[PDB]
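Read the structure below first, then the notes.
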Amino acid sequence: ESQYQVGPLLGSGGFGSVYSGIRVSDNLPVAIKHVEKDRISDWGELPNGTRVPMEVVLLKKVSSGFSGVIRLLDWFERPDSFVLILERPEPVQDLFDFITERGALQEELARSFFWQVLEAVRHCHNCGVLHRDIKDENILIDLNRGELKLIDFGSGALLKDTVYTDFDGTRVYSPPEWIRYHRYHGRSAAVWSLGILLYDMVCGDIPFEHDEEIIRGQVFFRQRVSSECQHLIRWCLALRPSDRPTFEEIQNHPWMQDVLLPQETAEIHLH
Ligand SMILES: N[C@H]1CC[C@H](Nc2cncc(-c3cccc(/C=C4\SC(=O)NC4=O)c3)n2)CC1
């Protein structure tokens with residue numbers, strides 16, 4: 001308000017508009033996200049009645065006890081919008097931009113990044129939060145430390161064990177049961193999206209652009225990809241939801257063994 005200086009617009013879209021900023025009191029880098037009230041579908045409430053976007057409830061749930069998920073520092077209400085203050089690593093690059101620039105990632109680098117995304121999604125789920133929009137656009141890379149951060153909880157929901165029948169994340173990462181039936185369970189839909197994301201990292205682009213391709217579930221590799229990495233992708237993209245791996249089965253897969261630590265990853269790949 002006068003607590004923050006605003007710097008450049010970092011992006012805008014379905015998610016409203018997000019700006020780079022600095023917290024005046026201690027110069028802490030922050031991101032400042034403006035969410036229009038008209039565009040919030042889900043509202044939650046705080047343990048004291050205050051009515052908030054669900055995104056704020058979800059961020060508070062996962063605020064606790066990691067570093068692979070973005071931290072909500074503060075929020076404000078305005079007549080037509082909420083304003084969320086989020087942490088901001090610096091230097092940082094969004095993973096979508098990084099893959100635009102480098103193309104397909106070497107498997108060692110994709111394995112370190114993918115592993116870190118699995119740790120961040122397991123943390124959301126352990127805190128009772130389903131993200132519902134895992135994709136390269138929603139992952140930031142801290143370039144000095146090689147640490148990834150999952151961001152943008154504006155499509156997320158409380159995690160539950162029954163079926164979801166609404167969805168507003170990214171269609172090209174959504175599963176065949178959502179396309180066909182408008183119904184999915186949270187964890188198996190999250191594993192499908194992680195299959196899309198892993199194919200995106202190792203091939204430099206997503207496998208499916210059309211509904212008909214998502215429902216057929218046939219995966220073709222246009223880049224040289226090891227048979228263990230293709231096996232994992234094709235498992236995550238199983239057509240039947242119950243044939244997809246759990247998070248523990250993904251992290252015990254042969255392709256996931258010997259992961260680099262984030263700092264080594266930065267030393268080797270991010271300079
Ligand atoms: N949904 C797209 C909106 C454009 C954005 N693009 C960028 C580009 N550079 C930095 C950041 C950034 C930095 C620090 C924090 C955050 C956190 C956010 S942004 C958001 O919508 N929800 C968040 O939690 C984002 N975002 C990629 C998320």
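Because only heavy atoms are used, hydrogens play no part in the values below, and waters and symmetry mates are left out as well, while side chains stay in. Starting from 1, each residue takes its place in the sequence as its number. Counting starts at 1 for both ligands and their atoms, in listed order.
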- Look at atom 13 (C) of ligand 1 and say which protein heavy atom is nearest, naming residue and atom and giving the distance to 0.1 Å. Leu140 CD1, 3.6 Å

- The closest protein heavy-atom partner of atom 19 (S) of ligand 1 is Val18 CG2, 3.8 Å

- Give the minimum heavy-atom separation between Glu137 and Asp94, together with the two atoms involved. O-OD2, 2.6 Å

- Query: Taking atom CG of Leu95 and atom CE of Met201, what is their separation to the nearest 0.5 Å?
  - Reply: 7.0 Å

- Item | Proximal atoms of ligand 1 relative to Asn138 (non-hydrogen, under 4.0 Å) | 1 (N), 28 (C)

- Task: Mind checking whether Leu84 contacts ligand 1 via backbone (N, CA, C, O), side chain (CB onward), both or neither, at a 4.0 Å heavy-atom cut-off?
- Result: neither

- Interatomic distance, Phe114 atom CZ to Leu148 atom CG [nearest 0.5 angstrom]: 12.0 Å

- What atoms in ligand 1 come closer than 4.0 Å to a heavy atom of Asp94? 27 (C)

- Cation-pi geometry met for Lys33 and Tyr19 (6.0 Å, 45°): no

- Message: With a heavy-atom distance limit of 4.0 Å, tell me whether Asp97 approaches ligand 1 through its side chain, its backbone, both, or neither.
- Response: neither

- Item | Contacting atoms of ligand 1, where contact means under 4.0 angstrom from a heavy atom of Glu137 | 27 (C), 28 (C)

- Message: Check whether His131 reaches the backbone of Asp133 with its side chain - one donor and one acceptor, N or O, closer than 3.5 Å.
- Response: yes

- Message: What protein heavy atom lies closest to atom 25 (C) of ligand 1? Include the residue and the distance to one decimal.
- Response: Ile151 CD1, 3.9 Å

- Query: Is it true that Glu119 and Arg122 make a salt bridge, defined as a side-chain N closer than 4.0 Å to a carboxylate O?
  - Reply: yes

- Polar proximity ligand 1 side, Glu87 side, N/O cut 3.5 Å exclusive: no

- Item | Check: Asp152 N/O within less than 3.5 Å of ligand 1 N/O | yes

- Note on the structure: min-distance protein heavy atom vs atom 20 (C) of ligand 1 -> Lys33 NZ, 3.3 Å

- Message: What protein heavy atom lies closest to atom 9 (N) of ligand 1? Include the residue and the distance to one decimal.
- Response: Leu10 CD2, 4.1 Å

- Message: For the residue pair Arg111 and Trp255, would you count it as a cation-pi contact if the rule is NZ or CZ under 6.0 angstrom from the ring centre and within 45 degrees of the ring axis?
- Response: yes

- Query: In terms of side-chain heavy atoms, does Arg234 have a donor or acceptor partner in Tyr199 at a distance below 3.5 Å?
  - Reply: no

